[PDB]
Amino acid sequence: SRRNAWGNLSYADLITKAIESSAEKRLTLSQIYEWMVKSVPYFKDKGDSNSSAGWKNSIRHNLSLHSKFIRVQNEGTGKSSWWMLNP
């Protein structure tokens, strides 16, 4: 009996795995979504923001909330913010 359609891991924990599966160990908001879709089965079929407002909002909430994650300036024009694990 899972805790979520995708199992017992939490959004914040899923995010961690994402960021922590990156070379520079840092992702922008958009990539984190894509990671979920490509790494988590329950989401493989939810990329269409047409059916993906719930888990995206949640993911944005988790990011912006828990000091576990920190926002780091990403150099570039029209680029989003880096998101890294807080040491």
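For clarity, a rigid core is taken as the largest C-alpha set superposing within 1.5 Å between two forms. So that there is no doubt, residue numbering starts at 1 and follows the sequence shown.
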{"item": "Comparing 27-35 and 52-60 where Cα RMS over structures and residues is taken in 4 other deposited structures of this protein (core fit), larger one", "value": "52-60"}
{"item": "Greater mean Cα temperature factor according to the PDB record, 72-80 or 6-14", "value": "72-80"}
{"item": "Ranked C-alpha temperature factor of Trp35 among modelled chain residues, by third", "value": "middle"}
{"item": "Entry-reported Cα temperature factor of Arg60, expressed as the chain third it lands in", "value": "lowest"}
